[PDB]
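Accompanying notes for the structure given below.
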Amino acid sequence: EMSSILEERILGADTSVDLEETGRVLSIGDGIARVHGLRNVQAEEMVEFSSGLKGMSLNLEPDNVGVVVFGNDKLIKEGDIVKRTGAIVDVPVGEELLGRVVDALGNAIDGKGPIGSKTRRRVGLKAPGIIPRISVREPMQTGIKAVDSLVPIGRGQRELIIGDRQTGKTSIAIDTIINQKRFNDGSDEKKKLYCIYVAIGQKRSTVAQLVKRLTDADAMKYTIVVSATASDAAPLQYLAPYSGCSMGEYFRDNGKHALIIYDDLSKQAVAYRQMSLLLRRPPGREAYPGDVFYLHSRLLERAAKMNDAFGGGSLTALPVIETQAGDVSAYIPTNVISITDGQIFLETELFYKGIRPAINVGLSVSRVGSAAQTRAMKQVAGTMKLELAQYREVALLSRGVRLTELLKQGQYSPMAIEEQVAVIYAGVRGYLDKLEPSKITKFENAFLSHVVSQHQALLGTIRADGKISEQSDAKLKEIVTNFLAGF
Amino acid sequence: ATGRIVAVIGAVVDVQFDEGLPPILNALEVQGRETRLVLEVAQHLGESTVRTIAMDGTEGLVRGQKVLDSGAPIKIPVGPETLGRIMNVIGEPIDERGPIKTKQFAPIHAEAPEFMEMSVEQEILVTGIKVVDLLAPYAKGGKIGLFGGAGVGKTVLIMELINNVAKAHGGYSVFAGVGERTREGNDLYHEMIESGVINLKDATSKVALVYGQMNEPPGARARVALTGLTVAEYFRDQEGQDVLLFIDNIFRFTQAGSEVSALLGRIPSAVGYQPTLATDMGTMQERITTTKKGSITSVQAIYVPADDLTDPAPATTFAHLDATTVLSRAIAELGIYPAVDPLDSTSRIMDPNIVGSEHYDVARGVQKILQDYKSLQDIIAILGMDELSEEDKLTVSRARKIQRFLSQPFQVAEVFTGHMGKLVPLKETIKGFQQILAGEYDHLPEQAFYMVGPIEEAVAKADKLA
Amino acid sequence: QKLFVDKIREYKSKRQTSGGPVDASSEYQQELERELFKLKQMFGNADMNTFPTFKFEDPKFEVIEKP
Amino acid sequence: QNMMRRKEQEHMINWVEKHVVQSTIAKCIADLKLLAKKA
Amino acid sequence: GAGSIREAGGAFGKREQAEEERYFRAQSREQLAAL
Ligand SMILES: Nc1ncnc2c1ncn2[C@@H]1O[C@H](COP(=O)(O)OP(=O)(O)OP(=O)(O)O)[C@@H](O)[C@H]1O
Ligand SMILES: Nc1ncnc2c1ncn2[C@@H]1O[C@H](COP(=O)(O)OP(=O)(O)O)[C@@H](O)[C@H]1O
Ligand SMILES: [Mg+2]
Ligand SMILES: [Mg+2]
């Protein structure tokens, strides 16, 4: 402005100078600085280079310290001065981050000023033990029919989204994030889910497109986007998931419910492999370090569902894994499959057969299952799952085709649970074995339009009770038969 | 600052500076060579010693030779004077037309555009090619990749894209030859001279050429991509123009990085690649992007080693592209050219809200019928064609007709196939494939759709064969 | 405190701009107008300094009687 | 307006700094006295 | 290595499952009638 750039952006700047313990860069190359000195620096402590850069002290060797650089090592020369910070790596946590795009260290990259964060939180904290947790009961609503019906997800669960490239994993995550809009602006406080999206190793314009999609649907007012893109140093892409997880643990520890998507963890594993090979640590399978399973398990163990003596918070994780040529038996895919509480398998064969989302219901699993569902969706989805199985072994058969064409869904169109259960009702009770599949989606579009235009009271009772009572079942029978007559 | 060479192993030269150790990425000049030998600092080793990477051949380097630090990274001439010229990795004219008289020089090592400079507009770019426009359409300002093994048609397809899009363009174009045949560079130079695109007599040239080919040491093949990037980045930022950036081949960048990483004293990663594969590829690819200061329509040919699409280099370069055109050898054996794999090429603008419901439905129906044919392939191969239902037989017939129709004669192929080059507008593509899907041509033979333009030409060929 | 005073002086000295509104820009005007041009083609082509004109369309109709 | 307010301000923030480096041994005395206050 | 056509899971395994279970579903709904 005209005076507001000196008044406190200068006069208040903490220009103090103090005696600080330092070291000296012996060598620097490929983002790994070997610092002589720093006798009292702690393991995994954040240090600071004389050129404004920052780094984490990973290797504590007898003659030097292996400092990984959070940035570009072009600015660092031999003989530079590395000053301690005294604190292990920590990120700013709070509610102010909601609506911001930050990098792996919590700095704003959307140009909207500093985050007004009061508290900070380590990134390498310990997950809650056995006592602070409780069973995963509340449902996390995605708005996707196949997920919310056959692979339901709870609050506190770790559901893996796994598939090849360009199969629809990011789209599943984006639908899940957009769907929480109805609950977030509503009245019931313990149905609000604050989403978090971690972009690891992605192209920067992809994250720009994603932020545009999430702000077009007004879904950014409750979403944090941590982004360690492909041009960011390997330590930043390795630290992004832990930063995002701490930002979500803030909510989880304070009676609120959060959701975090790691998109994806294959690139975090690759960044960690690079960062550890450059530290001269011996490689393992596929040159990955020995402790990459630990790298992912200590991260996915922090997604918990706390009990009421701890606030009743929650943190649902949705790790993403890319596989090479459908090879699910690789190293990192098998690690993360062993860690998580279920999977959502996507295939390109199903994707090109018109089945979108290409969720393989045969392989998709939810280890919690029915415990993470509403009663009405459970009532319909049991029979729907069994009928879809019966169709998949004999690929009745027309009812199964009708059900699969019912499962198909568009992009960025997350339905409500009430509408979802009404559709799968109209599908499993028999009112669709008369239409030809090439008009099934037409019927559902028109039927949803009609029901949301005329029958808000039935859907309101569905949303209030959670059960499809005999009164509700009869009224829904009425509506579906009359519309089928109209169609 | 003046140092002395203390080690020479291939392309990696160690220098020991008695004072003023140069920063990383600086460009050092070796004293006493017939030509200019530039060493790019890569690491600091301690003991006042740096480990550089030579941009040219290292034969004749003696331990103790003098090396001066220039004080800045490799700087190339940028501007409107580089149009119609050819320059090597370090920015020297290699066309025997004298110096490049520019007013500004830009280092080849710049920071990627930040997050707040990204633009999100995804207008379609029509190419005139059937399979590309139909199933994996390109976008103005997006990043395009043409994958493919050895001898499947990456260069033919990129020359077809140059023929259709480059000379029909308004802005400027940049072709960065990265580790490919020098005779192809000569062919391109002379073709652009005859086509008026490159004009040796005045300043109406529209293409800047940057060439470090497969006869170059690994340092030059690793940095010539950055030289091309820098030229295109000037044309985008300081001119606001809409630039076309063609890179062939972008895999040689990673391959040369691996070759030099062998000697830089680094523990190798998988398939013997550098541990810093994805990070170097990211720091290079995040500069090839459209910002809100200008657009860069990037088409990059990507070689695939041993026809393995899961190799670390192509598997890492997939995540940087807005539209991938994966070529296949199994399809190229059938004479179907271009060999674009229809069930493997994708695009982020294959979106009904963007291309239209008609186009989206035609593309998805073509892909579904091709996937059905692919699923039937096994039974067809073992138990013969007879054991299919007649519905499966109809699906197979329509799918084979669609396969033949996806083929197309290229205008650049007028010298080794004889057939005239067909440029099919988007409407003709959608209409022809919709008609074939509807069954309007279940009486024409499949060899009537092979190597034609619009669908009317397929009908005419069907009539001519009878 | 040569730097306490300088940061408050030089900015107060930057208030000596009423004669030159861009704090002695001395360049970048040649590319500043390119920025708004890129910004203008983002909002269209009309002169956004005046009120917008209008032309209101009418629906397409037929005769719908018993033929 | 926000476009002009941004670039003009960042040009402003660049003017002052390459101006102060253009613009004194009391600092070396001030550094000696400020060093004794560390204790 | 018998049963490999079903262990693979290609086209000849899916059709094995289909053939076998349609035959046995017919036989099952017929045997439920005789009871
Ligand atoms: N439910 C859907 N319906 C229709 N199209 C979809 C659906 N999901 C994804 N797509 C489309 O398929 C393509 C896959 O995009 P997406 O980003 O979701 O997959 P991905 O797993 O993230 O792959 P990658 O990260 O390698 O790009 C997109 O073009 C998208 O438009
Ligand atoms: N679109 C095409 N039409 C006709 N022939 C083609 C086409 N594409 C490739 N070919 C043939 O396949 C060969 C491979 O050409 P090229 O583009 O140089 O492969 P690559 O660059 O991937 O090694 C060519 O010599 C050409 O004869
Ligand atoms: Mg994705
Ligand atoms: Mg080639």
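Just so we're on the same page: first chain in the structure tokens is A, next is B, and so on; residues restart at 1 for each chain, and ligands are numbered from 1 in the order they show up.
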
So that each row is one residue of chain B with an atom at most 8 Å from chain C, can you give its shortest atom pair and the distance in Å to one decimal, using only C-alpha atoms, rows by chain and rising number, as CSV?
```
residue,atom,partner,partner_atom,distance
B:240,CA,C:34,CA,7.6
B:292,CA,C:38,CA,7.5
B:293,CA,C:38,CA,7.0
```

(request) Write out as a PyMOL selection string every residue belonging to chain A that has an atom at most 9 Å from any atom of chain D, counting only C-alpha atoms. (result) chain A and resi 1+5+18-19

Could those selected residues go to a file with N, CA and C atoms, as a short mmCIF file (atom, residue, chain, number, x, y, z; two decimals), in the first residue's frame?
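As written to disk, part-v6.cif reads:
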```
data_model
loop_
_atom_site.label_atom_id
_atom_site.label_comp_id
_atom_site.auth_asym_id
_atom_site.auth_seq_id
_atom_site.Cartn_x
_atom_site.Cartn_y
_atom_site.Cartn_z
N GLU A 1 0.84 -1.19 0.00
CA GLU A 1 0.00 0.00 0.00
C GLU A 1 0.88 1.25 0.00
N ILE A 5 3.38 -0.97 4.37
CA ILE A 5 4.42 -1.93 4.01
C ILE A 5 5.60 -1.74 4.94
N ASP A 18 21.14 -13.65 17.71
CA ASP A 18 21.51 -14.42 18.88
C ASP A 18 22.62 -15.41 18.53
N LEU A 19 23.34 -15.84 19.56
CA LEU A 19 24.39 -16.84 19.42
C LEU A 19 23.74 -18.19 19.11
#
```

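Around ligand 3, using only C-alpha atoms and all ligand atoms and a cut-off of 9 Å, the residues in contact are residues 165, 166, 167, 168, 169, 170, 171, 202, 206, 263, 264, 320 and 322 of chain A; 319 of chain B.
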
(message) Could you list, as a ChimeraX atom specification, every residue within 10 Å of residue 270 of chain A, counting only C-alpha atoms and ignoring same-chain residues fewer than 4 positions away?
(response) /A:201,234,237-238,265-266,274-276,287-289,292,332 /B:269,275-279

Please save N, CA, C and O atoms of the selected residues as an mmCIF file, in the first residue's frame.
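Listed below is the output, again_9.cif:
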```cif
data_model
loop_
_atom_site.group_PDB
_atom_site.id
_atom_site.type_symbol
_atom_site.label_atom_id
_atom_site.label_comp_id
_atom_site.auth_asym_id
_atom_site.auth_seq_id
_atom_site.Cartn_x
_atom_site.Cartn_y
_atom_site.Cartn_z
ATOM 1 N N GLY A 201 3.935 -35.453 -6.243
ATOM 2 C CA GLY A 201 4.550 -35.741 -7.519
ATOM 3 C C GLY A 201 3.682 -35.491 -8.727
ATOM 4 O O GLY A 201 4.057 -35.892 -9.832
ATOM 5 N N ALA A 234 12.729 -33.938 -3.665
ATOM 6 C CA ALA A 234 12.275 -35.226 -3.149
ATOM 7 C C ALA A 234 11.920 -35.198 -1.667
ATOM 8 O O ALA A 234 10.931 -35.851 -1.293
ATOM 9 N N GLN A 237 8.260 -34.008 -1.425
ATOM 10 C CA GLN A 237 7.296 -35.034 -1.794
ATOM 11 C C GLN A 237 7.268 -36.178 -0.795
ATOM 12 O O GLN A 237 6.265 -36.891 -0.716
ATOM 13 N N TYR A 238 8.346 -36.376 -0.043
ATOM 14 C CA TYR A 238 8.354 -37.384 1.009
ATOM 15 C C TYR A 238 7.666 -36.887 2.272
ATOM 16 O O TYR A 238 7.102 -37.687 3.022
ATOM 17 N N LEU A 265 0.678 -42.458 -3.273
ATOM 18 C CA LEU A 265 1.740 -42.945 -2.409
ATOM 19 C C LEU A 265 2.866 -43.628 -3.169
ATOM 20 O O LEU A 265 3.963 -43.777 -2.619
ATOM 21 N N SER A 266 2.627 -44.045 -4.413
ATOM 22 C CA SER A 266 3.713 -44.563 -5.235
ATOM 23 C C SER A 266 4.784 -43.505 -5.453
ATOM 24 O O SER A 266 5.985 -43.797 -5.398
ATOM 25 N N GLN A 274 14.676 -42.207 -3.811
ATOM 26 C CA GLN A 274 15.736 -41.310 -4.260
ATOM 27 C C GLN A 274 16.469 -40.694 -3.076
ATOM 28 O O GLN A 274 17.705 -40.715 -3.010
ATOM 29 N N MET A 275 15.713 -40.141 -2.124
ATOM 30 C CA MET A 275 16.311 -39.446 -0.992
ATOM 31 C C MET A 275 17.193 -40.367 -0.159
ATOM 32 O O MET A 275 18.172 -39.919 0.445
ATOM 33 N N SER A 276 16.864 -41.657 -0.110
ATOM 34 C CA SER A 276 17.657 -42.589 0.680
ATOM 35 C C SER A 276 18.806 -43.202 -0.104
ATOM 36 O O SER A 276 19.835 -43.533 0.490
ATOM 37 N N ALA A 287 15.361 -51.349 -5.712
ATOM 38 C CA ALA A 287 16.193 -50.293 -5.149
ATOM 39 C C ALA A 287 15.488 -49.484 -4.072
ATOM 40 O O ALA A 287 16.073 -48.526 -3.564
ATOM 41 N N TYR A 288 14.259 -49.830 -3.707
ATOM 42 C CA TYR A 288 13.602 -49.161 -2.598
ATOM 43 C C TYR A 288 14.385 -49.408 -1.311
ATOM 44 O O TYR A 288 15.022 -50.451 -1.155
ATOM 45 N N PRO A 289 14.365 -48.462 -0.377
ATOM 46 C CA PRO A 289 14.995 -48.704 0.923
ATOM 47 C C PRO A 289 14.325 -49.864 1.638
ATOM 48 O O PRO A 289 13.252 -50.337 1.262
ATOM 49 N N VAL A 292 10.562 -49.057 3.602
ATOM 50 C CA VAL A 292 9.493 -48.328 2.929
ATOM 51 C C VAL A 292 8.123 -48.803 3.416
ATOM 52 O O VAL A 292 7.172 -48.007 3.491
ATOM 53 N N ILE A 332 5.361 -52.141 -3.585
ATOM 54 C CA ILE A 332 4.628 -51.081 -2.894
ATOM 55 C C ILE A 332 3.122 -51.340 -2.908
ATOM 56 O O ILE A 332 2.458 -51.104 -1.885
ATOM 57 N N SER B 269 19.334 -46.896 -9.346
ATOM 58 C CA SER B 269 17.975 -47.331 -8.961
ATOM 59 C C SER B 269 17.563 -48.503 -9.846
ATOM 60 O O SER B 269 18.446 -49.266 -10.229
ATOM 61 N N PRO B 275 19.162 -42.487 -9.499
ATOM 62 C CA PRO B 275 18.167 -42.335 -8.431
ATOM 63 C C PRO B 275 17.310 -41.098 -8.591
ATOM 64 O O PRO B 275 16.196 -41.063 -8.059
ATOM 65 N N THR B 276 17.781 -40.094 -9.329
ATOM 66 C CA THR B 276 17.096 -38.816 -9.493
ATOM 67 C C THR B 276 16.327 -38.746 -10.802
ATOM 68 O O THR B 276 16.253 -37.688 -11.424
ATOM 69 N N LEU B 277 15.751 -39.860 -11.252
ATOM 70 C CA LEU B 277 15.057 -39.869 -12.535
ATOM 71 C C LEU B 277 13.832 -38.966 -12.503
ATOM 72 O O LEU B 277 13.718 -38.023 -13.294
ATOM 73 N N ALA B 278 12.903 -39.244 -11.589
ATOM 74 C CA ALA B 278 11.650 -38.502 -11.552
ATOM 75 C C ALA B 278 11.864 -37.043 -11.187
ATOM 76 O O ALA B 278 11.154 -36.178 -11.699
ATOM 77 N N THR B 279 12.851 -36.739 -10.346
ATOM 78 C CA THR B 279 13.059 -35.355 -9.933
ATOM 79 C C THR B 279 13.647 -34.520 -11.063
ATOM 80 O O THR B 279 13.226 -33.380 -11.282
#
```

Taking only C-alpha atoms and all ligand atoms into account, produce a table as JSON lines in which each residue of chain A with an atom at most 10 Å from an atom of ligand 1 appears once, together with its shortest atom pair and the distance in Å to one decimal, ordered by chain and rising number.
```
{"residue": "A:144", "atom": "CA", "partner": "ligand 1", "partner_atom_place_in_ligand_line": "1 (N)", "distance": 8.5}
{"residue": "A:161", "atom": "CA", "partner": "ligand 1", "partner_atom_place_in_ligand_line": "21 (O)", "distance": 8.8}
{"residue": "A:162", "atom": "CA", "partner": "ligand 1", "partner_atom_place_in_ligand_line": "21 (O)", "distance": 8.2}
{"residue": "A:163", "atom": "CA", "partner": "ligand 1", "partner_atom_place_in_ligand_line": "21 (O)", "distance": 6.8}
{"residue": "A:164", "atom": "CA", "partner": "ligand 1", "partner_atom_place_in_ligand_line": "21 (O)", "distance": 6.7}
{"residue": "A:165", "atom": "CA", "partner": "ligand 1", "partner_atom_place_in_ligand_line": "26 (O)", "distance": 3.8}
{"residue": "A:166", "atom": "CA", "partner": "ligand 1", "partner_atom_place_in_ligand_line": "23 (O)", "distance": 3.2}
{"residue": "A:167", "atom": "CA", "partner": "ligand 1", "partner_atom_place_in_ligand_line": "19 (O)", "distance": 4.5}
{"residue": "A:168", "atom": "CA", "partner": "ligand 1", "partner_atom_place_in_ligand_line": "18 (O)", "distance": 3.4}
{"residue": "A:169", "atom": "CA", "partner": "ligand 1", "partner_atom_place_in_ligand_line": "21 (O)", "distance": 3.7}
{"residue": "A:170", "atom": "CA", "partner": "ligand 1", "partner_atom_place_in_ligand_line": "22 (O)", "distance": 4.0}
{"residue": "A:171", "atom": "CA", "partner": "ligand 1", "partner_atom_place_in_ligand_line": "18 (O)", "distance": 3.7}
{"residue": "A:172", "atom": "CA", "partner": "ligand 1", "partner_atom_place_in_ligand_line": "18 (O)", "distance": 6.7}
{"residue": "A:173", "atom": "CA", "partner": "ligand 1", "partner_atom_place_in_ligand_line": "18 (O)", "distance": 8.3}
{"residue": "A:174", "atom": "CA", "partner": "ligand 1", "partner_atom_place_in_ligand_line": "18 (O)", "distance": 8.2}
{"residue": "A:175", "atom": "CA", "partner": "ligand 1", "partner_atom_place_in_ligand_line": "1 (N)", "distance": 8.6}
{"residue": "A:202", "atom": "CA", "partner": "ligand 1", "partner_atom_place_in_ligand_line": "25 (O)", "distance": 7.9}
{"residue": "A:203", "atom": "CA", "partner": "ligand 1", "partner_atom_place_in_ligand_line": "25 (O)", "distance": 9.6}
{"residue": "A:206", "atom": "CA", "partner": "ligand 1", "partner_atom_place_in_ligand_line": "27 (O)", "distance": 8.7}
{"residue": "A:210", "atom": "CA", "partner": "ligand 1", "partner_atom_place_in_ligand_line": "17 (O)", "distance": 9.5}
{"residue": "A:263", "atom": "CA", "partner": "ligand 1", "partner_atom_place_in_ligand_line": "25 (O)", "distance": 8.0}
{"residue": "A:264", "atom": "CA", "partner": "ligand 1", "partner_atom_place_in_ligand_line": "25 (O)", "distance": 8.3}
{"residue": "A:320", "atom": "CA", "partner": "ligand 1", "partner_atom_place_in_ligand_line": "21 (O)", "distance": 8.3}
{"residue": "A:321", "atom": "CA", "partner": "ligand 1", "partner_atom_place_in_ligand_line": "21 (O)", "distance": 8.7}
{"residue": "A:322", "atom": "CA", "partner": "ligand 1", "partner_atom_place_in_ligand_line": "21 (O)", "distance": 7.4}
{"residue": "A:323", "atom": "CA", "partner": "ligand 1", "partner_atom_place_in_ligand_line": "26 (O)", "distance": 9.9}
{"residue": "A:346", "atom": "CA", "partner": "ligand 1", "partner_atom_place_in_ligand_line": "21 (O)", "distance": 8.4}
{"residue": "A:347", "atom": "CA", "partner": "ligand 1", "partner_atom_place_in_ligand_line": "21 (O)", "distance": 10.0}
{"residue": "A:348", "atom": "CA", "partner": "ligand 1", "partner_atom_place_in_ligand_line": "12 (O)", "distance": 9.7}
{"residue": "A:351", "atom": "CA", "partner": "ligand 1", "partner_atom_place_in_ligand_line": "12 (O)", "distance": 8.0}
{"residue": "A:352", "atom": "CA", "partner": "ligand 1", "partner_atom_place_in_ligand_line": "12 (O)", "distance": 9.5}
{"residue": "A:354", "atom": "CA", "partner": "ligand 1", "partner_atom_place_in_ligand_line": "4 (C)", "distance": 8.6}
{"residue": "A:355", "atom": "CA", "partner": "ligand 1", "partner_atom_place_in_ligand_line": "3 (N)", "distance": 8.3}
{"residue": "A:356", "atom": "CA", "partner": "ligand 1", "partner_atom_place_in_ligand_line": "1 (N)", "distance": 4.7}
{"residue": "A:357", "atom": "CA", "partner": "ligand 1", "partner_atom_place_in_ligand_line": "1 (N)", "distance": 4.2}
{"residue": "A:358", "atom": "CA", "partner": "ligand 1", "partner_atom_place_in_ligand_line": "1 (N)", "distance": 7.6}
{"residue": "A:359", "atom": "CA", "partner": "ligand 1", "partner_atom_place_in_ligand_line": "1 (N)", "distance": 9.6}
{"residue": "A:408", "atom": "CA", "partner": "ligand 1", "partner_atom_place_in_ligand_line": "1 (N)", "distance": 7.7}
{"residue": "A:409", "atom": "CA", "partner": "ligand 1", "partner_atom_place_in_ligand_line": "1 (N)", "distance": 5.7}
{"residue": "A:410", "atom": "CA", "partner": "ligand 1", "partner_atom_place_in_ligand_line": "3 (N)", "distance": 4.5}
{"residue": "A:411", "atom": "CA", "partner": "ligand 1", "partner_atom_place_in_ligand_line": "2 (C)", "distance": 4.4}
{"residue": "A:412", "atom": "CA", "partner": "ligand 1", "partner_atom_place_in_ligand_line": "1 (N)", "distance": 7.5}
{"residue": "A:413", "atom": "CA", "partner": "ligand 1", "partner_atom_place_in_ligand_line": "1 (N)", "distance": 8.5}
{"residue": "A:414", "atom": "CA", "partner": "ligand 1", "partner_atom_place_in_ligand_line": "1 (N)", "distance": 9.8}
```

(request) Taking the DSSP assignment computed from this structure's backbone, write out as number ranges by chain all residues of chain E that belong to alpha helix (DSSP H). (result) E: 4-8, 11-31

(request) In Å, rounded to a single decimal, give me how far atom CA of residue 277 of chain A is from atom CA of residue 268 of chain B. (result) 7.9 Å

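For ligand 4, the neighbouring protein, DNA and RNA residues, which are those within 9 Å when only C-alpha atoms and all ligand atoms are counted, are residues 150, 151, 152, 153, 154, 155, 156, 158, 180, 181, 184, 248, 249, 301 and 303 of chain B.
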
Create the file for the chosen residues now, containing C-alpha atoms and written as a compact mmCIF listing (two decimals), in the first residue's frame.
```
# COMPACT_ATOMS: atom_id res chain seq x y z
CA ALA B 150 11.58 -48.59 -32.13
CA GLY B 151 10.32 -48.02 -35.66
CA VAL B 152 6.58 -47.71 -35.04
CA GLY B 153 6.02 -44.17 -36.32
CA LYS B 154 6.84 -41.56 -33.69
CA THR B 155 8.84 -39.44 -36.12
CA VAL B 156 6.36 -39.88 -38.97
CA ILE B 158 5.40 -35.84 -35.33
CA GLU B 180 17.93 -38.49 -32.81
CA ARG B 181 19.27 -39.08 -36.30
CA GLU B 184 16.39 -36.41 -39.87
CA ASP B 248 12.09 -35.60 -30.32
CA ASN B 249 13.20 -37.52 -28.50
CA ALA B 301 7.94 -38.00 -28.83
CA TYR B 303 10.84 -43.59 -26.98
```
